[PDB]
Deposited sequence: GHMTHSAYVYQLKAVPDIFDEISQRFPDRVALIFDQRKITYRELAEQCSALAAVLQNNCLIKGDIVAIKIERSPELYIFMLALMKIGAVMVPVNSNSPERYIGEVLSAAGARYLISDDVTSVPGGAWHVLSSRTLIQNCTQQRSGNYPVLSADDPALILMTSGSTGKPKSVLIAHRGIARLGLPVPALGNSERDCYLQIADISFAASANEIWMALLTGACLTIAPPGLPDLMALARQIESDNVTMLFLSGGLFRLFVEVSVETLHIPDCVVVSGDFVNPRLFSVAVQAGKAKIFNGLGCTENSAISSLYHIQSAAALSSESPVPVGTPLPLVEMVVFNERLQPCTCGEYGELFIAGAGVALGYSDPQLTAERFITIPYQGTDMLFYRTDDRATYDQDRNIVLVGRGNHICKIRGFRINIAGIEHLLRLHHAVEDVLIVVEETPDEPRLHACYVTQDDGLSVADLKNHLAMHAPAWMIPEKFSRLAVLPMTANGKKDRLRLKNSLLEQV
């Protein structure tokens, strides 16, 4: 069985004490300095009557102190709720309510709403970090709660094992203590665990991006300056790198694209641009962090009809596609993706919604707790998991369902289409496909292209062009912002 996060960290801190752990600006912090500040801060937090099981929110910009407060909290057994410091105060009130946070630690204590949560100044708590008060800390299990995250807000509870599994080397990545990670993902977003905890729990180094919104070249110079070897990117951020500076994507050894569907020809240009291993992967909030990886072997693997696979599970993770009954699907057979293993969350805030998504199923001589993704998926001829839909991306046309995300892939296979979103609209229901291209195309060309790969009733009525498709600051297409933008 796994250990707790502070247990793995202390074992790493005494094994690689002189290796680099954090890099901010030009300053570097070793695992020994990080362990001392974490041990001192953990005793200070206990002297504020923060005990095991308490829910403490975190609102600190990208700083060396941000990750010390994380390691400090888990040590005392608290459950942290990270919130983006760039988020508006309306969203903070929702998250603090949905998480039931009893405390809040911040570097800007005034830009927050009032409520039942106590507000503490991280600028003050660091001042009281004496080298005297040593403290004594609880014994934590792998199933003890670690942090709380949100998803579109649903409140999700993550255990220690969900992020402690990242301390295991991934065979497809070949990571070790020699590597270096770039922390650019939002802390309130589960993809930041791929960067924070795969580094601090393996002896590797974590490069801290500037706070706020650094631009693309600010990240490109940093990947080259601090020699990042493991780069986790979102769909939109990966789209920008290929368009602008694709050469910077082959400085690291592995690049992992995750979070959303992406035009397959972006992977084709990315793999041809160098010899860095490019990955498509599945990340899920309810499975704590990154969950699967598919290595795009070459441009000849990029195919039509179906998008790029998400691959095979990470260590201590199990993923399987079930059909209309609980049994694995064959090749091509479409079903829903179920996930089990050390990454599965402890549940939602609603005990009934928890039971409607977490089910214990016997599988291979063992009762295993599965989470339902509501992602329609299938397999390829090599048992690589391939996503095709998401359940709420459907609609009835001529009495029969159609897959929204499936038509989007058939449209992206057109060489002129850069990207496309499709919207279900209300008429006395039809499809509206907003496309992007750089060369004037006719909407009859896109419809004629669709008829070669789709029946006549899987073709939208309206095609419109958007100078750009909206993003969510987490790198994925915002179908919500597009609909509200189409209300013009």
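Residues 1-10, 163-167, 444-445, 456, 507-508 of the deposited sequence have no C-alpha coordinates in the structure.
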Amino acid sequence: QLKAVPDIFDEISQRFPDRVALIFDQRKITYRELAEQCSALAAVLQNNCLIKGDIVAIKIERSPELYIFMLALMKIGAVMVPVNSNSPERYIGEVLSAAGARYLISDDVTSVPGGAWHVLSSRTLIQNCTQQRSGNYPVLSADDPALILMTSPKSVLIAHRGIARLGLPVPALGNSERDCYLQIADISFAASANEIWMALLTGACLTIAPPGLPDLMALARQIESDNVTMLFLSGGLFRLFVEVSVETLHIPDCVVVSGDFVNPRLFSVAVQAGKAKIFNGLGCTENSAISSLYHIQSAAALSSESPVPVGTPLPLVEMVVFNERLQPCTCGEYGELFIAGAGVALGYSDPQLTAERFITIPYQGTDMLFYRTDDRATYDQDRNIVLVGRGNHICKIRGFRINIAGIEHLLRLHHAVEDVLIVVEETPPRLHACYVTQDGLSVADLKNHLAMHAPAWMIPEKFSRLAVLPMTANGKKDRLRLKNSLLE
From here on, numbers count along this sequence of modelled residues.
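Stretches 61-69 and 36-44 differ in mean CA B factor, with 36-44 having the higher one. Per-stretch averaging of Cα B factors for 71-79 and 398-406 places 398-406 on top. Among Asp350, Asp107, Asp215, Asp144, the highest C-alpha B-factor in the deposited entry belongs to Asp350. Within the listed group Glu195, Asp226, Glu356, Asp186, the record reports its top CA B-factor for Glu356. Per the PDB record, residue ranking by Cα B-factor puts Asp253 in the lowest third of the chain. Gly259: CA B factor in the lowest third of modelled residues in this chain (values from the PDB entry). When all modelled residues of the chain are sorted by CA temperature factor, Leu302 is found within the highest third. Among the modelled residues of the chain, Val468 sits in the highest third by CA temperature factor in this PDB entry. Remark: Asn287 belongs to the lowest third of its chain, ranked by C-alpha B-factor as recorded.
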